[PDB]
2 protein chains.
Amino acid sequence: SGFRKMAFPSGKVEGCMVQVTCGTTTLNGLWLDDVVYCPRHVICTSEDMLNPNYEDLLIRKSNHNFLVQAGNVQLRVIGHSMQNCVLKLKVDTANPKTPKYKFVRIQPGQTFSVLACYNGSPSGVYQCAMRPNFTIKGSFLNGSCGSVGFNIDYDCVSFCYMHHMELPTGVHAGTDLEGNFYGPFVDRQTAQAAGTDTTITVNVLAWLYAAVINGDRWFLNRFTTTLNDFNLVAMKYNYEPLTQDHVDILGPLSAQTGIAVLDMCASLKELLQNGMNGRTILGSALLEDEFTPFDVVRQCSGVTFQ
Amino acid sequence: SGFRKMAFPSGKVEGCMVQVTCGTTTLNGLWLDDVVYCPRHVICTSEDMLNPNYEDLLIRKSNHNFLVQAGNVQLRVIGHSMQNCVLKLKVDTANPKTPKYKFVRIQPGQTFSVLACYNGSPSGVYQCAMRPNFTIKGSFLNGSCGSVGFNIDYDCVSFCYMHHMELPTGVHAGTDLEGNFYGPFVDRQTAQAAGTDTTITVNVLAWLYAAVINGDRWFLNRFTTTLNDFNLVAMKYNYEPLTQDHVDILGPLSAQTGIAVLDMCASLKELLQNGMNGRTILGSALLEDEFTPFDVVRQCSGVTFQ
Ligand SMILES: [Zn+2]
Ligand SMILES: [Zn+2]
């Protein structure tokens, strides 16, 4: 038993991280097959980032202006092309460590693991959620750009995020692996603001089920409620509204614990109005929303990967 | 910027995990060179665990009673020997993926990463501290035994923990890689109790420095204090007492932020007496103690590994 903020094992992804340099800028890229993916702002200087014209900037770069290093090995760049906000560098050698992989664009509220890298070298791994305003609350220093977020489904790695920038508010923004930003952000150093960061209600509920599985039941209450009455309270507290799809997602957890989704909703409601009162749930004094219903099931049943 | 509970990349350790079976019991082992390390209670049944006589039980087992599987590959057991609470299985084949490694016995308050495995297969990775009562608050299901905890120092993997059991209180206990338990626990299914779980004061202080680095300064106060007066308050709240060694550890963080260790201590004191008052520090409403001063430095400067 017990419950921990768990990340996916990162071995499959460590073998895909390379160091990409263009001019005097160095960041991380992702080496899959004979293509290296990296943030297109690798071709910018600190001054260019204020108002970059990436098309004009890229015209003055040739295949030999890009240095790709796989550890202490040199990859030869034989072709380049810009797709949205990523560069695609075609190299001469296919990565012998390419795993079964796919690209996916995730929805807000989904979770993934981030492998934070510097100079193509892994530094650490952590789990996070995509916030409803399409930012992530990460841990990134200079040179981490091109670090990637991923999920694992048995033997297949689903890449879903590449880090591109830190906003002036200290939160983080990036793209899918096709180069389309999550949210309305652009790869320019300018005052950009994110919308309201709401709590992911369906994830809070999954976590409350995990607490019950692990023996934290004090918050369970004798009331019940309806979807409408609950959503009207939730919205007052900047919680995402719950839909019937979210009720379907929580079905298996409802069956294991014997607690109806709507009964759990009525417990959460009382918590939103009356606070924790100094108590904790699974060692937390705040309501956690970085576990999805799938994550809870995965951890409480012991899924593995190869 | 930002701050996250970060684990070490686990690629180097995923390649060392094997599945060990003896009779009708299956758990994880660690395959390094031509030796497999695993919990000795692999040779027990559910009934044996009540009052095992491991010497007598091991006499009735031969080298061919042990099944070692490296993925879908069979390792031949050519020698076995019990060292404290681990079995050492000498196999015919050396692991081609053995990294530079060492064994270390950590002290309470140190942190490490756990690679949770089931049937020799990685499931996830998380960071935790060794509590002052030599337990860990982990996430382990049946079959996770033999999962390992580790640190990474550039290219060398320091193995420091192997999971052996869950206590009736839901916390977890295990050994170093020589087979000596942390704490006074034994590998028997009996009412075993841990002592008082105190907070790791030196780690709380490191985390408060991290908060200041990242722009959370509200808790900073105008008071100061002495080591003695602070320790007398700490002990009332079941905090570990601070020593001059802990002050030396925090020296570099004190220099970066311009805040004397003792001034930070006086802030913490006020927090212990007057509570958070509903505020948060680095997104937490509780005082975190699972970052060591080294971890904070590592994350706030961007150390990497190969
Ligand atoms: Zn950047
Ligand atoms: Zn066991």
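Residues numbered from 1 in each chain as written, not as in the entry; some residues may be left out. Chains lettered and ligands numbered in written order. Heavy atoms only, no water.

Structure determination for the deposited model, as stated in its record, used X-ray crystallography, and the stated resolution is 1.9601 Å.

Per the PDB entry, the recorded name for chain A is 3C-like proteinase, and the organism is Severe acute respiratory syndrome coronavirus 2.

Engineer: Give me the packing of helix α3 (residues 201-213) of chain A against helix α7 (residues 261-274) of chain A: which residues, what numbers.
Structural biologist: All names here are of chain A. Their axes nearest at 10 Å, the elements α3 and α7 cross at an angle of 100°. Taken as axis vectors, α3 and α7 run roughly perpendicular relative to one another. In this structure, α3 uses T201, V204, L205, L208, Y209 and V212 to contact α7, whose residues at the interface are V261, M264, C265 and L268. Among the residues making up the contact of α3 with α7, the classes are represented as nine nonpolar, one polar and no charged. (Axes fitted to C-alpha atoms, helices over the stretch in contact; angles between N-to-C directions. Helix = DSSP H or I, 4+ residues; strand = E, 2+ residues; numbered from the N terminus. Parallel < 35°, antiparallel > 145°, perpendicular 65-115°, else oblique. Contact = heavy atoms within 4.5 Å. Nonpolar A, V, L, I, M, F, W, Y, C, P; charged D, E, K, R; others polar.)

Engineer: Residues and numbers for the nonpolar core, please.
Structural biologist: Counting 42 residues, the largest nonpolar core has A:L30, A:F159, B:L30 and B:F159 as the members making the most contacts within it. Not counting residues up to four positions away in its chain, the partners in contact with B:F159 are B:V13, B:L30, B:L32, B:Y101, B:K102, B:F103, B:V104, B:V148, B:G149, B:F150 and B:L177. (Core = buried A, V, L, I, M, F, W, Y, C linked by side-chain atoms within 4.5 Å. Buried < 20%, exposed > 50% of the residue type's maximum accessible area, 1.4 Å probe, protein only.)

Engineer: Which residues make up the packing of aromatic side chains, and what values go with them?
Structural biologist: Throughout the structure, instances matching the rule amount to 16 aromatic pairs over all chains. Centre to centre, the rings of B:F3 and B:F291 are 4.8 Å apart; their planes meet at 55°, and the pair counts as tilted. Taken as a pair, B:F3 in the segment before α1 (11-14) and B:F291 in the loop between α7 (261-274) and α8 (293-301) lie far apart in primary sequence, 288 residues in all. When its relative accessible area of 6% is taken as the criterion, B:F291 is described as buried. Following the ring pairs from residue to residue traces out a cluster consisting of A:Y37, A:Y101, A:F103 and A:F159. Over the aromatic face of B:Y182 sits the side chain of B:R105, whose NZ or CZ is 4.4 Å from the ring centroid. (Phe/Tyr/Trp six-rings, centres within 6.5 Å; stacked < 30°, edge-to-face > 60°. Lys NZ or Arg CZ within 6 Å of the ring centre and 35° of its normal.)

Engineer: Go over the interface of chain A and chain B, please, and point to the residues and values.
Structural biologist: With 44 residues of chain A at the interface, the matching set in chain B holds 44 residues. Counting each side, the surface lost to burial between chain A and chain B is near 3100 Å², with a carbon and sulfur contribution of 51%. For B:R4, the salt bridge is made with A:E290, and the minimal N-O distance between the two is 2.7 Å. Our count for the contact surface shared by chain A and chain B stands at 29 residue pairs in polar contact. When contributions to the side of chain A that touches chain B are tallied by element, the ones reaching two or more residues are α1 (11-14), β9 (111-118), β10 (121-129) and α8 (293-301) of chain A. Counting residues per element, the side of chain A that touches chain B draws most heavily on β10(A), which supplies eight residues. (Buried area = accessible area lost by both parts, 1.4 Å probe. Salt bridge = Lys/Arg side-chain N within 4 Å of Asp/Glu carboxyl O. Polar contact = N/O pair within 3.5 Å; in protein donor to acceptor, adjacent residues only side chain to side chain.)

Engineer: If you had to explain the relation of the copies chain A and chain B to someone new, which residues and values would you point to?
Structural biologist: The two chain copies are related to each other by a rotation about an axis together with a translation along it. Least-squares fitting of chain A to chain B yields an RMSD of 0.0 Å, with the superposition described by an axial translation of 0.0 Å and a rotation of 180°. Each copy turns onto its partner about a two-fold axis. Distance from the rotation axis, computed per C-alpha, reaches its smallest value in chain A at A:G11: 1.7 Å. Comparing interface residues between copies, 100% of those in chain A also lie at the interface in chain B; the contact surface is shared. (Least-squares fit on C-alpha atoms.)

Engineer: Give a description of the packing of helix α4 (residues 227-236) of chain B against α7(B) that names residues and reports values.
Structural biologist: All names here are of chain B. The contact between α4 and α7 brings their axes to 10 Å, and the two run at 25°. It follows that α4 is roughly parallel to α7 by the angle criterion. Regarding α4 and α7, the two cross each other, and that crossing is left-handed. Across from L227, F230 and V233 in α4, the residues of α7 making contact are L262, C265, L268, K269, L272 and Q273. Broken down by class, the residue content of the contact of α4 with α7 amounts to seven nonpolar, one polar and one charged. (Left-handed = near helix turned anticlockwise from the far one by under 90°.)

Engineer: Any chance you could break down the coordination of the zinc ion (ligand 2) for me, citing the residues and the numbers?
Structural biologist: Protein coordination at the zinc ion (ligand 2) comes from B:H41 (NE2) and B:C145 (SG), with a distance range of 2.3 Å. With a gap of 104 residues between them, B:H41 in the loop between β3 (35-39) and α2 (54-59) and B:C145 in the loop between β10 (121-129) and β11 (148-153) connect regions that are remote in the sequence. (Donors = N, O, S within 2.8 Å, 3.2 Å for Na, K, Ca; no water.)

Engineer: Residue-level account of the domain arrangement of chain A, with values.
Structural biologist: Partitioning chain A into domains gives domain 1 (11-91) and domain 2 (201-301). Computed from C-alpha coordinates alone, the two centres of domain 1 of chain A and domain 2 of chain A are separated by 44 Å. (Domains from an automatic or database assignment.)

Engineer: Describe the environment of A:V296, and please don't skip the residues or the numbers.
Structural biologist: Residue and element names in this part refer to chain A. Within the fold, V296 resides in helix α8. Taking relative accessible area as the criterion, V296 reaches 0% and is therefore assigned buried. For the pair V296 and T257, spaced 39 residues apart in sequence, the C-alpha separation works out to 13 Å.

Engineer: An account of the pairing of strand β1 (residues 17-22) of chain B is needed here, citing residue identities and associated values.
Structural biologist: Residue and element names in this part refer to chain B. Counting buried positions along β1 gives six out of six residues, so the element sits mostly inside the fold. Here β1 shows two buried faces, one formed by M17, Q19 and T21 and the other by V18, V20 and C22. Hairpin connection of β1 to strand β2 (residues 25-32): two residues between the antiparallel strands, including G23 at a positive phi of 60°. (Pairing = 2+ DSSP bridges.)

Engineer: Residues and numbers for α4(B), please.
Structural biologist: Residues and elements named next belong to chain B. Taken residue by residue, α4 has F230, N231, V233 and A234 as its buried positions. The arc enclosing the buried residues of α4, seen along the axis, measures out at 165°, which places them on a common side. Turned more than 90 degrees from where α4 packs its buried face, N228, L232 and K236 sit exposed. At its buried positions, α4 is contacted by α3 (201-213) and α7. (Arc of directions from axis to C-beta.)

Engineer: Give me the lowdown on the environment of B:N221, citing residues and values where you can.
Structural biologist: Residue and element names in this part refer to chain B. Relative to the elements of secondary structure, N221 occurs in the loop between α3 and α4. Taking C-alpha positions, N221 is 43 Å from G11, a pair spaced 210 residues apart along the chain. Filtering out sequence-adjacent residues up to four positions away, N221 remains in contact with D263, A266, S267 and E270. Looking at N221, its side chain comes within polar contact range of the main-chain oxygen of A266, at 3.1 Å.

Engineer: I'd like a description of the sheet that holds strand β4 (residues 66-70) of chain B, backed by residues and values.
Structural biologist: Residues and elements named next belong to chain B. With respect to topology, seven strands assemble into an open sheet ordered β5-β4-β1-β2-β3-β7-β6, the strand pairing being antiparallel. Each of the sheet's edge strands pairs with one partner strand only, and the pair in question is β5 (73-75) and β6 (77-83). Geometrically, the sheet is characterised by an average inter-axis angle of 30° between neighbouring strands, direction not taken into account. Here six bridges tie β1 to β2, and the two strands are oriented antiparallel to one another. Bridge pairing in β2 links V20 to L27.

Engineer: Can you explain the pattern of salt bridges? Please cite residues and give values.
Structural biologist: Residues and elements named next belong to chain B. Under the criterion given, the structure shown has 22 salt bridges over all chains. Two residues, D34 and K90, come together in a salt bridge whose shortest N-O distance is 3.8 Å. Of this pair, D34 sits in the loop between β2 and β3 while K90 sits in strand β7 (residues 86-91), and the two are 56 residues apart along the sequence. Between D187 and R40 there is a salt bridge, and its shortest N-O distance comes to 2.7 Å. Within this pair, whereas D187 is found in the loop between β13 (172-175) and α3, its partner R40 is found in the loop between β3 and α2, the two being separated by 147 residues in sequence. Considered together, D187 and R40 belong to a single accessibility category, that of buried residues.

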